[PDB]
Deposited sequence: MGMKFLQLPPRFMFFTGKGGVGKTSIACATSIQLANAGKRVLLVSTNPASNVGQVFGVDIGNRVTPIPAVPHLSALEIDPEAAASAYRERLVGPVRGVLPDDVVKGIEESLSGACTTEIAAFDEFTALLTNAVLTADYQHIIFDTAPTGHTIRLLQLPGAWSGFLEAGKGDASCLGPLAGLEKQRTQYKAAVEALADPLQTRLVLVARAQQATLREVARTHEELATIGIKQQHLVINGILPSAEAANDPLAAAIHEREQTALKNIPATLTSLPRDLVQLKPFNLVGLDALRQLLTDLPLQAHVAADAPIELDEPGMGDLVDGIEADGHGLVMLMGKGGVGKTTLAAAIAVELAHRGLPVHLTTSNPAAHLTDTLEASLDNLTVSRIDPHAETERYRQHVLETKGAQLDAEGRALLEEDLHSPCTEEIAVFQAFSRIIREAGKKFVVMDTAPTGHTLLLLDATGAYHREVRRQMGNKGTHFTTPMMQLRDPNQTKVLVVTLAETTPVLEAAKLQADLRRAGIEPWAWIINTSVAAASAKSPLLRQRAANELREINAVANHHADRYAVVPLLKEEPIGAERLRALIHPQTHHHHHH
C-alpha cells in the first residue's frame, strides 16, 4: 500500500461516511504493530465502537489490544471529555467559593461550546503533546464522516486565528475557559497538520461517482486548509473476476470501472491504492489481517417488506417530519431523496432538507421537481444570519464598545455550531403543515443537535436572554427512520443509535435495510457469500431490533435522479 510507505507519526483516514475509514485504519494499525512498531489507534467518531471491530472492550482509557502486541486503542468521547474538562475547571474552587458561586460556574460551563472545546482540546493534545503519546511511534486517527471531519481539522486553524487576532474573549466558553493557555497548543496543532513529514492524510473513497465528487471537494477544502501530499484509497472495488456469469456483478463492475475512469481531475495525481471487496465483514483480526491484500480466490430468494409500504404509512399521516438517521454511508441521502420524490409525485407538498454541512443534494436530485422544495443548511450563511440576529436583538442596548466586543465574541468558531442548531430548529418548526424529509448529518453531530441535554438551548438563550425534542418525542408529528446495512457493524451502530434515541424518549418508526445483496439475487460467488452473511443481520433486524422495517436491494444502476429514486420505491 502506497500510504504504508515511510509513514509519519500521525496518519489521518478521512473520507465520506461508510467508505471504510475504520476498517482500513484498523488494518494499517495491525500491519504496523505486527512490524514491531508501537501503534496507537484513536477513534474520533463518537457513534462508532472499534471494540466491536477488534472484539476488545476499547473505551476512553488507552487500552492495549491483547491480540496484537504493541497496538493500543483509544476512543475520544465528547461527553466524557466535557465532564473531565468541567471537573478540572470546577474542582479547585469546590469549597473555596460559595456553593452558589460553584453552581453558577457549573451553569456557565453547561453550554454546548464547552462540550465542543473539550473534545477539540483532547484532539489537539493527542496531536501536539509529546509526553501524552511518548511511548507510541505512530498514532492513527480514524475520523467521523467527512462532514464532521473537515470541521474538526478546520478548528485548529480557526481557533488559532481567533486567538492570535487579539480577540481572546470567547464569552461563550465562559470566564474560566482560559483559552489563552492553549494558544500555543492550537497553533502547534496547525503546524502538525500542515507538515507532510509529521502527518499523512489518506482520503478513503469508493468507486462511485457521487463519492468521488465529494472526496474531490473534501480534497479541495483540505488543501485550502494547508494539508499537502495526500494519498487516495479506493475501497470496495468489486473484483473483475466476479463479473463473469453474473449480470448484477457485471453491472456493478462496469459502473465502478466507469467511475474510476471518470475520476475528478484533481484526484488523478494523488498516489492511489485499490482495495477490493471481501466476502466477509471486516470484524476481528482474522478478517482485518487480509483487507489490504487481494484474496487468492442457487442464489438466495429473499422476500422482505418493501419501502412502498413505509411510504404509504408516512403519507397516511398527511404531514410531519421524517428524519433519516443511521451509520455513515448507509444510504440516508438516497432514501431521503426517494421518499421526498415519491411524496411529491403523490401530489403532496414536500420539503427536502439536508443538515449535513458538506452537503450537495445535486448529486442525487439534478432536476427541478414539482411540489418539492429542496434546501440545505449552509453553515456560513446560517452563521451570518445568527450573528446579525443576535447583534440586533442583544447588541442594540450595548454601547459601541459593547457592540464591538459582542461582534468579537460572535466570531468564535463555536458560534457556527449553535447557528446550525438554530437553523435546524427553525426547519423542524415548519413540519407541522407540510412533509419535511430531513437527511441528517453524521450520527454524533445529529444526536448533539437533537439537544437531549439542553446544551444548545442553554447557549442560545444565554446569547439571546418549543424545543426540537418536544416535537421529536411526539410520534404524531415525527417519524424517525433508522437506515442500516445488512452487516455486523452497521446493525450494531443502528441498535446503539436506537437505544440512544429511546433513552431520550424518541421511538424510531421504522428500519430500512439498504443495499442488501440478498434482496438482489446475485450469482457470483463473492456476492453469494455476502448475501449469505447478510441473512443473519436481516433476521436480527426483523425479529429483534425493528418491529416495522423495509429492505432495499443493491441496485445495479446507482440511484440518481427522480426516475431511479422513484424506481427504488417501486421495484
- Go through the deposited sequence from residue 1 and tell me which stretches lack C-alpha coordinates, in order. 1-2, 300-306, 475-480, 587-594
